[PDB]
Structure formats: structure tokens, C-alpha cells
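In the numbering used here, the protein residues as written are 7 to 127. Working notes, structure below.
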């Protein structure tokens, strides 16, 4: 779930406040819906969104609270990186990675203030 993907970004970026730095950044990380990414970091939120859609349709996700915004998957963060640990649920397993991928993308990927609060595309 949201809360979890948050801690993920933290595990891979000690010091930062997700809800604070990565919120309202570029176009595809604040709301999603302007066209044309603007950063190698922003480039990967759109990947995150597209990733949730892929997951919100996935055959293996059915139950109640299976949506990617409310899905509490299994994973861990151990002194360095975070590796998912859900096998049985090829659904919850798929989600984590959407979050593990971006959470790890952001890490390397550069952040450049110059873009935080834009205006339009």
C-alpha cells in the first residue's frame, strides 16, 4: 500500500521525506497527466503509474483490498536494499516490485529542484 511504498523510497534514500520531496514534482509524480516526462527520476513515476494500471488489471488480483493503493504486500528493508518476499500471492508479489523498482529508481536517478513546482508541461 501507499504507506509501504513510502517507506521503500526511504530505505533506498535515507534522509528524504517522500510526501515532501517527491510530491508535486514534474508532471507524472504529483498528479499524473501532463504529457512528456522531464527527468530521469520523473521518467520513472510514469513507469510507476503505468505499473499500477498493469497491476490493477492483472488476472491474479481479485479479492477485497487488492488495488495497488490498498495492497499490503510482503517485503523487507535490510541494511542497504529491500527485497520482496511474497511468493504465494503472485499479485501482491507483482505490486511490491512496482514499488521496489521506482523506490530503487529514484535512488540513483538525479533530483533537480529546477523542476519541483512547474506550471504546465
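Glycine included, each C-beta is placed from N, C-alpha and C at the ideal position.
(request) Indicate the three-state DSSP secondary structure (helix, strand or coil) for residue 84 in the structure shown. (result) strand
(request) With residue 15 as the anchor, note down where its alpha helix (DSSP H) starts and where it stops. (result) 8 to 17
(request) Rounded to whole angstroms, what's the CA-CA distance from residue 59 to residue 85? Just pull it up for me. (result) 31 angstroms
(request) Assign residue 56 to buried or exposed, taking buried as 16 or more other Cβ atoms, counted over all protein chains shown, within 10 Å of its Cβ. (result) exposed
(message) DSSP three-state label for residue 92, please.
(response) coil
(message) My output table needs one value for residue 112: the three-state DSSP class, helix, strand or coil.
(response) helix
(message) Quick check on the burial criterion: 16 or more other C-beta atoms within 10 angstroms. Buried or exposed for residue 123?
(response) exposed
(request) Count the other C-beta atoms from every protein chain shown that fall within 10 angstroms of the C-beta of residue 101, then say buried if there are 16 or more, exposed otherwise. (result) buried
(message) Measuring only the C-alpha atoms, how far is residue 22 from residue 47?
(response) 15 angstroms
(message) When you compare the region 21 to 36 with the region 72 to 83, are there three or more beta-carbon pairs, one atom per stretch, that lie closer than 8 angstroms?
(response) no
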